[PDB]
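Student: to kick things off, part of the complex as it is:
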Amino acid sequence: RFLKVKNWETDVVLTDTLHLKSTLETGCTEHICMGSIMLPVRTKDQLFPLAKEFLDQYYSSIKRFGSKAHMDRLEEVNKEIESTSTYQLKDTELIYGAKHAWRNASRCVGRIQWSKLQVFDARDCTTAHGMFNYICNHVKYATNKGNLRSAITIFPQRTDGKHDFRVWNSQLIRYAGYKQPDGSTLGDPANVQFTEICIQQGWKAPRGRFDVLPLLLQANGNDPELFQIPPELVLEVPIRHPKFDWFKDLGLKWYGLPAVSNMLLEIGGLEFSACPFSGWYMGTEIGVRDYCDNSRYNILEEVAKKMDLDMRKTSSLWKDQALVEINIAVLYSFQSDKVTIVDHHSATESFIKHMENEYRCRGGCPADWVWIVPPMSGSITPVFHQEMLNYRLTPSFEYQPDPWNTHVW
């Protein structure tokens, strides 16, 4: 019932009770753990209980649990549901729900900042142009000339599933990927397909190594449309090393604003299918994953070459030596250009502090170890030595099928 989690580097022991309020499933069972698996409409009868769950926690959070207001709102929503077969969140609820969905994202290491989320209510939106306007405003607000601010823009909630809003891009800002004759790939391999759907839509690709993709926005169910983000609104950082002058020649750059746009925000049973959100990068995401993953920019060899390291034998750890340098470069560039960014050491230390805060103020903190521990230097960051309990709480952010695999043109 009352689970305990130990930190093996400090011996600190936290007790978890928050998991008891868990509602969703984990993919795991008593006979099998699926902890490392990436991916393990509602009826009036399904909806009301969810709304109640939320409202009860919402009112409890504002110290008015079982108040007239609580009961009243509870009744009002109840009636609205039985009638409209759905409901609308007050603004106070939308904000609390979005913040808590971030608070509950077990895979996010940057949650110590959860309560500072800026919420942009775009529930009054009705067209791709409208969505494009909202997104440009989000980008400018969050980028803030390099002094990044976390934010989320919430489009109209789902109704019949045939009127859903969706941002086809996986992130507001990403580089294109094209399959060349060589069989190899130009640009970002992860976006090879989307890069094609755009073209399949009319996008004139500059066919470069770092071409900012165009937004493909879908509103009210209609087919999606393209829009190019004002270049002046896309902050970029040219990647250079603080010692290897040749580094600049590698021709590398990345965008400063990471903004996941393909997820689904769930609040009180209501589903928001278009809810792009952004914060700021942890160095390793770019330097380790985007730059060194074999199926991404896969740039380790080149950097190793330029460093003239013995690539004859894996035991010389050239891949490792280079990995470190590349990552030092990213953090150095961003910092040099005063663009917000956090290193994995500082980010992981903050998460540990945040976990302690959450354990003493909330009785727990769902966390997915597999995602929290950085892709490099795992054990020299404190989270590696931190036992974590993963469970699903609502409100939450959930994965959802790529629209192009569901859209009925």
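Tutor: Perfect, thanks for sending it. Residues are numbered from 1 along each chain as shown, chains lettered A, B, ... in the order given.
Student: so for the helix or strand hosting residue A:102, what gets flagged as buried?
Tutor: Taking DSSP states H and E as the definition, one finds residue A:102 inside helix A:91-103. Buried residues in helix A:91-103, counting neighbours by 16 or more other CB atoms under 10 Å, are found at A:93, A:94, A:95, A:96, A:97, A:98, A:99, A:100, A:101, A:102, A:103. Every C-beta, even on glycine, is put in place using the N, C-alpha and C of the backbone.
Student: please list all residues in contact with residue A:39.
Tutor: By CB atoms under 8 Å, 6 or more residues apart in numbering, the contact set of residue A:39 is residue A:399.
Student: residue contacts, residue A:228?
Tutor: A:212, A:214, A:215.
Student: most neighbours, which of those?
Tutor: The residue in the contacts of residue A:228 with the most neighbours, by other CB atoms under 10 Å, is residue A:215 (25 neighbours).
Student: and the nearest residue to that one once chain neighbours are set aside, how many neighbours?
Tutor: The shortest distance from residue A:215 to any non-neighbouring residue, by CB to CB, 6 or more residues apart in numbering, is to residue A:227 (4.7 Å). Close neighbours of residue A:227, defined as other CB under 10 Å, add up to 17.
Student: is it true that residue A:227 touches residue A:128?
Tutor: Yes: the criterion here is CB atoms under 8 Å, and residue A:227 meets it with residue A:128 at 7.2 Å.
Student: quick check: phi and psi at the residue nearest to residue A:370 when sequence neighbours are not counted.
Tutor: Residue nearest to residue A:370 in three dimensions, not counting chain neighbours: residue A:36, with 5.4 Å by CB to CB, 6+ apart. When read as degrees, to the nearest 10, the backbone of residue A:36 gives phi -100, psi 0.
Student: pretty sure residue A:36 sits against residue A:369.
Tutor: No: if you go by CB under 8 Å, residue A:36 and residue A:369 don't touch, sitting 9.6 Å apart.
Student: tell me how chain A divides into domains.
Tutor: A:16-123+A:150-160+A:264-278+A:348-372, A:124-149+A:164-235+A:399-403, A:236-258+A:281-346 (curated CATH domains).
Student: want to throw these into CSV with distance to residue A:385?
Tutor: Below are the domains of chain A laid out as CSV (distance: least, CB to CB, whole Å):
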stretch, distance to residue A:385
domain A:16-123+A:150-160+A:264-278+A:348-372, 9
domain A:124-149+A:164-235+A:399-403, 29
domain A:236-258+A:281-346, 14
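Student: closest one to residue A:387 among the ones you listed?
Tutor: domain A:16-123+A:150-160+A:264-278+A:348-372 (8.0 Å; CB to CB).
Student: which residues in the stretch 151-300 of chain A form strands?
Tutor: Here the stretch 151-300 of chain A has its strands, by DSSP state E, counting those that start in this stretch, at A:151-154, A:166-167, A:177-179, A:185-187, A:215-218, A:225-227, A:236-238, A:253-255, A:264-267, A:270-272, A:277-278.
Student: coming back round to it: in terms of secondary structure, what does the helix holding residue A:102 contact?
Tutor: Helices and strands touching helix A:91-103, by 3 or more CB pairs under 8 Å, 6 or more residues apart in numbering; DSSP states H and E, are helix A:44-61, strand A:118-121, strand A:151-154, strand A:264-267, strand A:396-398.
Student: quick one on the thing from earlier: between residue A:36 and residue A:369, point out the one with more neighbours.
Tutor: Set side by side, residue A:36 and residue A:369 show more neighbours around residue A:369, with 17 against 10, by other CB under 10 Å.
Student: OK, contacts around the nearest residue to that one once chain neighbours are set aside?
Tutor: Distances taken as CB to CB, 6+ apart place residue A:388 nearest to residue A:369, at 4.6 Å, with adjacent residues excluded. Shown in contact with residue A:388 (CB under 8 Å, 6+ apart): A:5, A:355, A:367, A:368, A:369, A:372.
Student: if you rank those residues by neighbours, which is first?
Tutor: Ranked by neighbour count (other CB under 10 Å), those have residue A:367 at the top, with 26 neighbours.
Student: include chain B as well:
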Amino acid sequence: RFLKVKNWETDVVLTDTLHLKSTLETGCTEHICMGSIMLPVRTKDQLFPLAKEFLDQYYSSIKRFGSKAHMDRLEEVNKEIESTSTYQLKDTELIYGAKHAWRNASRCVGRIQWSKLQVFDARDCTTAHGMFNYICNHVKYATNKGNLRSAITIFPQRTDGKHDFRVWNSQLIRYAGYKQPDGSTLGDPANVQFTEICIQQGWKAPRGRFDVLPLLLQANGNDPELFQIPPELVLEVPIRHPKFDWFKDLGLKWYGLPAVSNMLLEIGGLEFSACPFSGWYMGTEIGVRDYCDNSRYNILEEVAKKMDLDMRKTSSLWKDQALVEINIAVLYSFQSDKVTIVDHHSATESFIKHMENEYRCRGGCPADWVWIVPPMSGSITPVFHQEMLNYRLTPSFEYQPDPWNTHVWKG
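Tutor: Same chains as before, plus chain B:
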């Protein structure tokens, strides 16, 4: 109910049916994952069924399932159990059992070598001195002058739980740890408690930074006894860097033979509480964990200074830079002295192949991602991108409480 795992780097998908034969629990539920949690006498009534499942697996492995030999064996064990409340494994079954416990160890990345395990049967052992002799033989055989050979030594199984054989050391070879009155620790902090017990038992500690601990052996439930492993049998490697001549001046060294000696081996319901086994190191075990964990030798700072790294701010990644060097030094020193060792790229690549093979020939391979993925450069090794399923199969290696916490001292 089939289950598929995908490798997000190669899009290769494998199907697992093996998990269906999993009986033990995981610690997880439909509502919570305890995947990153370190640690989540039998009766006749429960023993025979365990023995049978085991014998059924063994006879199938040798293609004699349902044979007369199979039936007679079941009948014999059955009789032996009702007769004596337990039973003895044949030599063949023991070897098969030991190899499969290794094959089933979800946290071991070296399993591609599972079938080549050398099994030493020490079930006729009756005393601590006898245990010491078996252990010395295991160390010399396994060490093989630097050309390491995997091996396991199996002492008498548990009976009533009051006559257990136990190796009190956590590894056959390990360095002493000493807490100083000024609060600092000399040697390996991981072994301070055990070191105290040794001193209390009579061990005259030299009190240096790399003193090989004495063996503390318990036979037949008796009080444990101390024994010094002949130094000539303990292979050690002085650590030096291929480009930094000052590295040798850190005065670091490590032993060449890693031999976990505190786990419990379960086979067909039988419990082997003293079953020390050994393989060869993966570089990062020493270089990342033993040397750089804040709670182990914790050498990152000192190595950082010597490299004149910008230690003013973490974003300089001076810890990361120094970590790589230390691990390069460990691999280099070992290879130079021709002592078997495997780097994490090589070991993880081998585990991926092993895993794929296992899915194809066995229907799966239980694996603990949290433990399989190396402590440094996680994503540049293929295991990071590999989805894995973790479940418990028997035979298996299990954790057991430290004996000093359960032993009834006799005096």
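Student: once more for the contacts of residue A:388, now including chain B?
Tutor: By CB atoms under 8 Å, 6 or more residues apart in numbering or on different chains, the residues touching residue A:388 are A:5, A:355, A:367, A:368, A:369, A:372, B:36.
Student: ok, residue A:89 next?
Tutor: A:97, A:267, A:268, A:270.
Student: can you report phi and psi for the residue of chain A found nearest chain B?
Tutor: Proximity of chain A to chain B (CB to the nearest CB) peaks at residue A:35, 3.1 Å away. Main-chain torsions, residue A:35, degrees, to the nearest 10: phi -50, psi -30.
Student: hang on, it packs against residue A:107?
Tutor: No: counting by CB under 8 Å, residue A:35 stays clear of residue A:107, with 11.6 Å between them.
Student: partners of residue A:4 in the sheet?
Tutor: With DSSP bridges applied, residue A:4 shows beta-bridge pairing to residue A:15.
Student: show me what contacts it?
Tutor: So residue A:4 contacts A:13, A:14, A:15, A:16 (CB under 8 Å, 6+ apart).
Student: any chance of the residues you listed in JSON lines, plus neighbour count?
Tutor: Converted to JSON lines, the contacts of residue A:4 look like this (neighbours: other CB atoms under 10 Å in any protein chain shown):
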{"residue": "A:13", "neighbour count": "11"}
{"residue": "A:14", "neighbour count": "21"}
{"residue": "A:15", "neighbour count": "13"}
{"residue": "A:16", "neighbour count": "22"}
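Student: still on that earlier bit, got the CA positions of the helix holding residue A:102 in CSV?
Tutor: Extracted in CSV, the C-alpha atoms of helix A:91-103 (Å, rounded to 0.1, in the frame of the first residue of the first chain):
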residue,chain,number,x,y,z
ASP,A,91,-10.6,29.1,-17.1
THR,A,92,-9.4,28.4,-13.6
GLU,A,93,-9.9,24.7,-14.3
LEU,A,94,-8.2,24.7,-17.7
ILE,A,95,-5.1,26.4,-16.2
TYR,A,96,-5.0,24.0,-13.2
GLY,A,97,-5.5,21.0,-15.4
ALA,A,98,-2.7,21.9,-17.8
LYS,A,99,-0.3,22.6,-15.0
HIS,A,100,-1.1,19.4,-13.3
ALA,A,101,-0.9,17.4,-16.6
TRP,A,102,2.8,18.7,-16.7
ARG,A,103,3.1,17.9,-13.0
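Student: what about the residue of chain A closest to chain B, neighbour count?
Tutor: Residues near residue A:35, counting by other CB atoms under 10 Å in any protein chain shown, number 26.
Student: residue furthest from the geometric center of chain A?
Tutor: What lies farthest from the middle of chain A is residue A:312; by CA atoms, centre = their mean that is 38.1 Å.
Student: and it, backbone torsions?
Tutor: phi -70, psi -40.
Student: follow-up on the earlier one: skip the chain neighbours and tell me the closest residue to the residue of chain A closest to chain B.
Tutor: residue B:35 (3.1 Å; CB to CB, 6 or more residues apart in numbering or on different chains).
Student: mind listing the helices for the stretch 301-409 of chain A?
Tutor: Shown for the stretch 301-409 of chain A, the helices assigned by DSSP state H, counting those that start in this stretch span residues A:318-336, A:344-362, A:369-372.
Student: what residues does the last one touch?
Tutor: Outside of helix A:369-372, the residues that reach it under the criterion CB under 8 Å, 6+ apart are A:35-36, A:106-107, A:109, A:348, A:351, A:383, A:386, A:388, A:390, B:35-36, B:369-370.
Student: still on that earlier bit, contacts for the helix holding residue A:102 next, please.
Tutor: In contact with helix A:91-103 (CB under 8 Å, 6+ apart) are residues A:54-55, A:58, A:61, A:89, A:108, A:111, A:114-115, A:117, A:119, A:121, A:123, A:152, A:154, A:265-268, A:275, A:277, A:394-397.
Student: quick revisit: so what sits against both of residue A:35 and residue A:107?
Tutor: residue A:368.
Student: could I get stretch A:180-191 in CSV with only the CA atoms?
Tutor: This file holds the C-alpha atoms of stretch A:180-191, laid out as CSV (Å, rounded to 0.1, in the frame of the first residue of the first chain):
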residue,chain,number,x,y,z
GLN,A,180,18.2,11.1,-51.5
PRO,A,181,19.0,8.9,-54.6
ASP,A,182,22.1,7.7,-52.7
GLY,A,183,19.6,5.9,-50.5
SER,A,184,21.0,7.9,-47.7
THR,A,185,18.9,10.7,-46.0
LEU,A,186,19.3,14.4,-46.2
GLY,A,187,18.5,16.4,-43.1
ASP,A,188,16.6,14.8,-40.2
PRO,A,189,15.7,11.1,-40.8
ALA,A,190,13.0,11.2,-38.1
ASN,A,191,11.1,13.6,-40.2
